[PDB]
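Chains as they are written, first to last, in the deposited numbering: chain H, 219 to 735; chain W, 614 to 674; chain A, 430 to 490. Think of the CB as a built atom: it goes at the ideal place given N, C-alpha and C, for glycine as much as any other residue.
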């Protein structure tokens, strides 16, 4: 209402009550004019490799992105969550846009001037029928910034469709977003909508205190037998004789078991110590990849697998983990001290190590003159009796992904981590309404190319309720908790420096508490 | 001679959780029933000692 | 106030009972600790202090 009344108030806090936590984040955003109000066909460059070809469209619209956990949880909030809860999941969200300001920019005479345009509008619509290509869930920049005092730029919306090389095909779709209905907002108007999450499984924010190969009573023998010797000493040599034993603690690898470890898709191993790696360019040639319509894509991060085995923390899968950048890290070819490499070590209780074989299978039929032969299994699809953990989530990491619209999707938990949703939180798209500049006094049928330079700013609030599954642990000894480091330092972790720059010093997962298998 | 049920492991994903040795996979199997004889201390000293008792009456049930 | 404990039982807390130990022909600095019982009743950990003081000169009858 009017011009002198704010359309909303600042809400940032977390409310912990019972099995629920509610997070609220308010930020200040700025929206420019994109593409000078045009839709543009875009494509890969002429010299691009086949694996890098694309075709699509850039739009004049922007969109809002709060699909990272930091956007909602403070570092102290994240600690409170991960130290006390076995699981959590999102329930509902609220979204608000308010305190909208449109401003005119006159760059005349090399001097910039900025004035309020109290009459201009912004257009906002939710894609609640999921009729546009969903580009959230691709881990793009442009989120609400983790620190509440920071002002962020709204990212530009674009999408890809079917390409053959740099060219489109008959099935390529083009979308005009102005062909949707949208709200027009003038200074003093606000925008709200609500969303309910579908029923989704809790994220498992625990590690297992048991391993799948150690589930039996070590004090008692099995009543089942296994083949323990295939020959026996006969005089001066051996002869073929099959012999059988019941497995106890002494031969614990040989016990009959009910379950199998999860599936595998083997990754190459790289060392954080530089001298242990081969002196060669293998970042692509040695990469784990999939092949789709004659194209190779890197499998990154791929299926959830343990980063390393015991005492090998310096090793990680080539493209098998999420890697976050440190504050101020650049885009291209940075050193390893500039990035933060997550560790999925916790899931090695049930999941194969990413850089090892799944196991060994028999390849032949032995006999008197043929010895038994085995082969390493480097790729293992799911088997009946397999169990596994999903990838962990991080404070820096994504929250949800849209499950692709397909006939079949096995265990549709997104591989970068988080909650797979058939109807995710809808895309919220926004743009400044074009305001034409001074027209000619003689009619012209050509479209207007001359506009008044404008941008918008405002406040955005996002409120998410989360359902908690509290830890109820009967173990006697104390557990592992996330804690801040104990010593003195120049800067405090998760703080601003003397220049006002907020930084996140390390990745924080969720799995600190333990449970039995 | 074989087993009847197994406990399905507590995990994010488990495809066709029928136990491989055979039988019925159960997310909540028949619970473990644990039993022990309550320790009965033997003749204690007549001067107090803070050490824990190591001497008991031999019992079975 | 300095005699409030059970004289029959030792304390589980420790106090510093020796600051040096005989080493060859001399002593060397070595900190040693004991639990206080009835034999060293002045050394027991206590919860309370005597009241305040404002010292007077002593006169004989």
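Please tell me whether residue 660 of chain W has its Cβ less than 9 Å away from any Cβ of chain H. Not closer than 9 Å to any Cβ of chain H, the Cβ of residue 660 of chain W fails to qualify, so no.
Opposite residue 426 of chain H in the DSSP bridges: which residues? Answer by DSSP bridge pairing, in chain order: H:733.
Of all the CB atoms in chain W, is at least one closer than 9 Å to the CB of residue 618 of chain H? At least 9 Å separates the CB of residue 618 of chain H from every CB of chain W.
Can you tell me where the alpha helix (DSSP H) with residue 297 of chain H in it begins and where it stops? Element bounds for residue 297 of chain H: 293 to 302.
Could you check which residue in W:629, W:628, W:668 and W:621 has the C-alpha nearest to that of residue 654 of chain W? Check the Cα spacing between residue 654 of chain W and each of W:629, W:628, W:668 and W:621: the tightest is with W:668.
Would you call the region 600 to 608 of chain H in contact with the region 478 to 496 of chain H, where contact means no fewer than 3 C-beta pairs closer than 8 Å? Yes, since at least three Cβ pairs between the region 600 to 608 of chain H and the region 478 to 496 of chain H fall closer than 8 Å, the two stretches touch.
Extent of the continuous beta strand (DSSP E) run through residue 447 of chain A: Segment 443 to 452, the beta strand (DSSP E) holding residue 447 of chain A.
Helix, strand or coil, according to DSSP, for residue 564 of chain H in the structure here? Helix at residue 564 of chain H.
Distance, Cα to Cα, residue 718 of chain H vs residue 367 of chain H? Going from the Cα of residue 718 of chain H to the Cα of residue 367 of chain H covers about 10 Å.
DSSP-derived helix/strand/coil call for residue 472 of chain H: In the structure shown, residue 472 of chain H sits in a helix (DSSP, three-state: H, G or I).
Taking the C-alpha atoms as reference points, what is the distance between residue 596 of chain H and residue 227 of chain H? Spanning the alpha carbons of residue 596 of chain H and residue 227 of chain H requires a straight line of approximately 56 Å.
Helix, strand or coil for residue 421 of chain H per DSSP? Shown here, residue 421 of chain H sits in a strand according to DSSP, grouped into three states.
Indicate the three-state DSSP secondary structure (helix, strand or coil) for residue 230 of chain H in the structure shown. If DSSP states are grouped into helix, strand and coil, residue 230 of chain H belongs with coil.
Measure how close the beta-carbons of residue 252 of chain H and residue 293 of chain H come, nearest whole angstrom, since I'm counting them as under 8 Å. Contact between residue 252 of chain H and residue 293 of chain H is ruled out by a C-beta separation of about 33 Å, above the 8 Å threshold.
What is the rounded straight-line gap between the Cα of residue 614 of chain H and the Cα of residue 542 of chain H? CA-to-CA, the gap between residue 614 of chain H and residue 542 of chain H works out to about 8 Å.
Whole-angstrom distance between residue 619 of chain W and residue 476 of chain H, CA atom to CA atom: Using only the alpha carbons, I get a separation of about 8 Å.
Would you tell me roughly how many angstroms separate the C-alpha atoms of residue 434 of chain H and residue 494 of chain H, rounded to the nearest one? In this model, residue 434 of chain H and residue 494 of chain H are separated by some 38 Å (Cα to Cα).
Nearest to residue 280 of chain H by CA position, among H:249, H:421 and H:644, is which residue? The shortest C-alpha separation from residue 280 of chain H is found at H:249.
Starting from the beta carbon of residue 629 of chain H, find every residue of chain W whose beta carbon is closer than 7 Å, and list them in chain order. Using a Cβ-Cβ cut-off of 7 Å, residue 629 of chain H is close to 626 of chain W, given in chain order.
By the criterion of Cβ-Cβ separation under 8 Å, what are the contact partners of residue 633 of chain W in chain H? Here the neighbours are 475, 476, 477, 478, 602 and 603.
Comparing alpha-carbon positions, which option in H:426, H:415 and H:713 lies nearest residue 568 of chain H? Closest in alpha carbon position to residue 568 of chain H, among H:426, H:415 and H:713, is H:426.
Any beta carbon of chain W sitting closer than 9 Å to that of residue 426 of chain H? Yes, residue 426 of chain H lies at the interface with chain W (some Cβ there is under 9 Å from its Cβ).
Going straight from the alpha carbon of residue 625 of chain W to that of residue 458 of chain A, what length do you get? Distance between the alpha carbons of residue 625 of chain W and residue 458 of chain A is about 59 Å.
So, is the C-beta of residue 607 of chain H closer than 9 Å to a C-beta in chain W? For residue 607 of chain H, a Cβ of chain W is located within less than 9 Å of the residue's own Cβ.
Along the region 704 to 734 of chain H, what residues have a CB closer than 8 Å to any CB found in chain W? From the region 704 to 734 of chain H, only 733 and 734 have a Cβ closer than 8 Å to chain W.
Under 9 Å, Cβ to Cβ, is there at least one residue of chain H near residue 621 of chain W? Yes, because at least one Cβ of chain H sits closer than 9 Å to the Cβ of residue 621 of chain W.
Distance cutoff 9 Å, beta carbons only. Does residue 422 of chain H sit that close to anything in chain W? Cβ-Cβ to chain W under 9 Å: yes for residue 422 of chain H.
Can you pull the chain W residues whose beta carbon is under 7 Å from the beta carbon of residue 246 of chain H, in chain order? Contact of residue 246 of chain H with chain W by beta-carbon distance below 7 Å is absent, the smallest such distance being about 38 Å.
Return the chain-ordered ranges of every beta strand (DSSP E) run that is complete within the region 229 to 286 of chain H and spans a minimum of 3 residues. For the beta strand (DSSP E) assignment, the uninterrupted runs of no fewer than 3 residues enclosed by the region 229 to 286 of chain H are, from N- to C-terminal side, 231 to 235, 238 to 249, 258 to 261 and 273 to 282.
Would residue 387 of chain H and residue 380 of chain H qualify as a contact pair, given that the criterion is a beta-carbon distance under 9 Å? Yes.
Complete alpha helix (DSSP H) runs within the region 539 to 597 of chain H (minimum length 4 residues, chain order): Segments of the alpha helix (DSSP H) lying fully in the region 539 to 597 of chain H: there are none.
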